[PDB]
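*Asks:* Supplied structure: structure_24.cif, mmCIF, C-alpha atoms.
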```
data_structure
loop_
_atom_site.label_atom_id
_atom_site.label_comp_id
_atom_site.auth_asym_id
_atom_site.auth_seq_id
_atom_site.Cartn_x
_atom_site.Cartn_y
_atom_site.Cartn_z
CA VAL M 1 115.33 42.28 13.35
CA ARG M 2 114.04 44.07 16.48
CA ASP M 3 114.34 44.15 20.26
CA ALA M 4 112.05 41.74 22.11
CA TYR M 5 111.37 40.14 25.43
CA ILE M 6 111.99 36.69 23.91
CA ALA M 7 109.49 33.90 24.74
CA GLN M 8 109.52 30.06 24.47
CA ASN M 9 105.97 28.63 24.00
CA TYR M 10 103.84 30.67 24.72
CA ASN M 11 104.60 34.21 25.96
CA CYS M 12 106.66 32.67 28.82
CA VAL M 13 110.26 33.86 29.47
CA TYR M 14 113.24 31.49 29.80
CA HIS M 15 114.97 30.65 33.11
CA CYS M 16 117.40 33.61 33.25
CA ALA M 17 119.45 32.52 36.28
CA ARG M 18 122.30 34.76 35.01
CA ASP M 19 122.12 37.63 32.46
CA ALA M 20 124.60 35.57 30.39
CA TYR M 21 121.97 32.77 30.02
CA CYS M 22 119.74 35.18 28.10
CA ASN M 23 122.52 36.70 25.98
CA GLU M 24 123.56 33.11 25.16
CA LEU M 25 120.00 32.00 24.26
CA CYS M 26 119.42 35.20 22.24
CA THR M 27 122.65 34.72 20.25
CA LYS M 28 121.74 31.01 19.79
CA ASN M 29 118.63 32.36 18.00
CA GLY M 30 121.03 34.25 15.67
CA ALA M 31 120.35 37.64 17.30
CA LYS M 32 122.91 40.30 18.33
CA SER M 33 122.91 40.00 22.13
CA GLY M 34 120.57 40.04 25.15
CA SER M 35 120.38 40.82 28.88
CA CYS M 36 117.92 40.34 31.78
CA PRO M 37 115.99 43.20 33.39
CA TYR M 38 115.75 41.63 36.85
CA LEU M 39 115.16 44.97 38.62
CA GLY M 40 113.68 46.53 35.46
CA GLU M 41 110.81 46.50 32.94
CA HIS M 42 108.74 43.26 32.92
CA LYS M 43 110.75 42.21 36.06
CA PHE M 44 113.03 39.17 35.54
CA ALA M 45 112.60 38.94 31.76
CA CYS M 46 115.07 38.05 28.96
CA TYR M 47 115.56 40.96 26.55
CA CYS M 48 117.09 40.01 23.17
CA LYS M 49 118.35 42.43 20.52
CA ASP M 50 118.23 42.03 16.71
CA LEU M 51 115.73 39.18 17.26
CA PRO M 52 114.24 38.50 13.76
CA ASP M 53 110.54 39.42 13.62
CA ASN M 54 109.65 35.77 12.85
CA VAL M 55 110.17 35.12 16.59
CA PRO M 56 107.27 36.67 18.61
CA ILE M 57 107.60 39.02 21.61
CA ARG M 58 106.41 38.60 25.22
CA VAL M 59 103.16 40.63 24.98
CA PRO M 60 101.92 42.26 28.26
CA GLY M 61 99.31 39.53 28.94
CA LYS M 62 99.02 35.76 29.52
CA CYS M 63 101.65 32.97 29.35
CA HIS M 64 100.53 29.45 28.29
#
```
Is it possible to give me this structure as structure tokens?
*Replies:*
Amino acid sequence: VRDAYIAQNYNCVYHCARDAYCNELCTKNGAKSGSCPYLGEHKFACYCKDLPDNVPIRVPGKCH
């Protein structure tokens, strides 16, 4: 369990139209909750909380 910019496949963030979308996705993954730094770090990412370490993080590099 950690915080993470959650990714899909690979290192690419999901289509956070609304903050809720990301909290939803995040909780679907069995995490605590999430939210979307639009005007914040990474800039339009999906932050998830208590994401189990099994699921990787959006590293500050490529997206495939």
*Asks:* How many Å lie between CA of residue 61 in chain M and CA of residue 2 in chain M, rounded to one decimal?
*Replies:*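 Result for CA of residue 61 in chain M versus CA of residue 2 in chain M: 19.8 Å, one decimal.
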*Asks:* Which distance in Å separates CA of residue 41 in chain M and CA of residue 62 in chain M, to one decimal?
*Replies:* 16.3 Å
*Asks:* Determine the residue membership of the PyMOL selection byres ((chain M and resi 18) around 12) for the file above and supply it as a list in words.
*Replies:*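 So the PyMOL selection byres ((chain M and resi 18) around 12) ends up selecting residues 14, 15, 16, 17, 19, 20, 21, 22, 23, 24, 25, 34, 35, 36, 37, 38, 44, 45 and 46 of chain M.
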*Asks:* Check which residues satisfy the PyMOL selection byres ((chain M and resi 50) around 7) in the file shown, then give them as a list in words.
*Replies:*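 That selection, the PyMOL selection byres ((chain M and resi 50) around 7), comes back as residues 1, 2, 3, 31, 32, 48, 49, 51 and 52 of chain M.
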*Asks:* Quote the spacing between CA of residue 4 in chain M and CA of residue 29 in chain M in Å to one decimal place.
*Replies:*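 Straight-line distance from CA of residue 4 in chain M to CA of residue 29 in chain M works out to 12.2 Å.
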*Asks:* Can you tell me, as a list in words, what residues are no more than 8 Å from residue 64 in chain M when counting only C-alpha atoms, ignoring any on the same chain fewer than 3 positions away?
*Replies:* residues 9, 10, 11 and 12 of chain M
*Asks:* M:47, M:53, M:58, M:28: which is nearest residue 7 in chain M, counting all atoms listed in the file?
*Replies:*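 So, comparing all the options, the nearest one is M:58.
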